[PDB]
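The form deposited in one PDB entry is given below as one chain in structure tokens.
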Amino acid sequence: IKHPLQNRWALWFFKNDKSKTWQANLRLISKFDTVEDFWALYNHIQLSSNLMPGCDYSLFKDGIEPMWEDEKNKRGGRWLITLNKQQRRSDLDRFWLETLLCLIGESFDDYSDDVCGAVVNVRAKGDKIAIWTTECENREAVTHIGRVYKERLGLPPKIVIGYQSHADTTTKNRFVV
């Protein structure tokens, strides 16, 4: 018997193929709701550090689209980790896997319901990881998610990460931890 996750999750992949549509390029790879199917997917899909520039991974709860305009997203925002090229070695894959584990393990406890998903953007000018939440005015939820996520990643006190409302998105910060 498999070990159930609290939620059902969807993994999306965007390929950066310039001779294709964006509908073509954006693929829902798989949905899973057990520990065992998570690892089967993770272990047999490409590492982030190996994607071409412009590719994304998004893990979202079943029935939230990885689009800021989604009902569950439009009012929310994201906690942004920005990585430069020196951390594409040490941090990208580690931070992504830790992010995925935060989501599927429900590491934000009583403020789990505010989490929508998470996205990694591989870009030529430095990668991005973000945790997407549902409502930017829920200060207690957003900030708790922020502190727990930043602790989980082991970022040093010298690194301050910001939360932007999707409707704002340089972009101003509503919250910093």
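We number the residues from 1 along the sequence you see. Only residues modelled in both forms are compared. C-alpha atoms forming the largest set that superposes within 1.5 Å between two forms make up the rigid core.
Exercise. Of the other PDB entries compared that resolve residues on either side of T170, does at least a third omit it?
Worked result: Across the compared entries, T170 is left out in at least a third.
For this session: Using none, 1 to 3, 4 to 9 or 10 or more, say how many deposited residues go missing between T169 and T170.
Result: Gap between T169 and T170: 4 to 9 unmodelled residues.
Problem set entry | Higher-scoring stretch by recorded Cα B factor average, 125-133 or 66-74 | Result: 66-74.
Exercise. For the C-alpha atoms alone, is the average B factor greater in 107-115 or in 22-30, going by the entry?
Worked result: Higher mean C-alpha B-factor in the PDB entry: 22-30.
Problem set entry | Modelled-residue ranking by C-alpha temperature factor, third containing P157 | CA B-factor rank for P157: highest third.
Exercise. Thinking about Cα B factors across the chain, which third does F13 belong to?
Worked result: Middle third.
For this session: State the tercile, meaning the lowest, middle or highest third, of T82 with respect to the CA B-factors recorded for its chain.
Result: CA B-factor rank for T82: middle third.
Exercise. Based on the entry's values, in what third of the chain does the Cα temperature factor of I45 lie: lowest, middle or highest?
Worked result: As the PDB entry reports it, the C-alpha B-factor of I45 lands in the middle third of its chain.
For this session: State the tercile, meaning the lowest, middle or highest third, of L51 with respect to the CA B-factors recorded for its chain.
Result: Tercile = middle for this residue's CA B-factor.
Although it is not shown, the form deposited in another entry is what the next lines describe.
Exercise. Superposing on the rigid core, do we see a C-alpha displacement of 2 Å or more at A24 between the shown form and the other one?
Worked result: Shift of 2 Å or more: yes.
For this session: Since the C-alpha distance between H44 and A24 changes by 3 Å or more in the other form, give its direction relative to the shown form: closer or farther.
Result: Between the C-alphas of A24 and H44, the gap widens in the other form (3 Å or more compared with this form).
Exercise. So the C-alpha spacing of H44 and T21 changes by 3 Å or more in the other form; is that change toward closer or farther than shown?
Worked result: Compared with the form shown here, the C-alpha atoms of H44 and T21 sit farther apart in the other form, by 3 Å or more.
Exercise. Looking only at residues in both forms, which consecutive runs of at least three have C-alphas displaced 2 Å or more between the shown form and the other one after fitting the rigid core?
Worked result: Residues 15-26 form the single run that moves by 2 Å or more between the shown form and the other one.
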